[PDB]
Amino acid sequence: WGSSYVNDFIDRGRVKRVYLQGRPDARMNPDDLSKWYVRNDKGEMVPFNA
Amino acid sequence: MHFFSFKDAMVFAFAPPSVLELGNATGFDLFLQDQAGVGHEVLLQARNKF
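If you read the sequences in order, they're chains A and B.
Counting in the entry's author numbering, the first sequence runs from 753 upward without gaps.
Counting in the entry's author numbering, the second sequence runs from 653 upward without gaps.
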């Protein structure tokens, strides 16, 4: 949701930044938040609904 | 003279500037630089053509 500043990279000379984040259509409405899964105590993709 | 022999290294001898702060006195200096974030080996070309 709130991006992450992960790593620095290089763009033809200059060092810039790499940002990790969810696609747009995976974060526009409250129900998109359920669409996101977390691996469980043991490998189980638990929907946020839970 | 003596140091001119050595065909291994490349020895040079000289006296410090008159005043001991980056004194080229009668001797220019310059920086070639790539404003357009072009290659580094493109710089080398530029220097070597110079």
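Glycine included, every Cβ here is placed at the ideal spot set by N, Cα and C.
Whole-number beta carbon distance between residue j and residue i, since they are thought to touch under 8 Å
| i | j | result |
| --- | --- | --- |
| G765(A) | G689(B) | 4 Å |
| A661(B) | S670(B) | Contact doesn't hold; Cβ gap of about 28 Å is too wide. |
| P799(A) | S786(A) | 6 Å |
| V694(B) | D686(B) | 7 Å |
| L684(B) | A698(B) | 6 Å |
Contact list for residue i against chain B, beta-carbon separation under 7 Å
| i | result |
| --- | --- |
| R764(A) | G689 |
Residue i at chain A interface by Cβ criterion, 9 Å
| i | result |
| --- | --- |
| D686(B) | yes |
| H654(B) | no |
- Hey, is the region 771-786 of chain A in contact with the region 753-762 of chain A, meaning 3+ C-beta pairs nearer than 8 Å? These segments touch.
- Entirely within the region 759-789 of chain A and at least 3 residues each: give me those beta strand (DSSP E) ranges in chain order. List check, beta strand (DSSP E) in window: 766-772.
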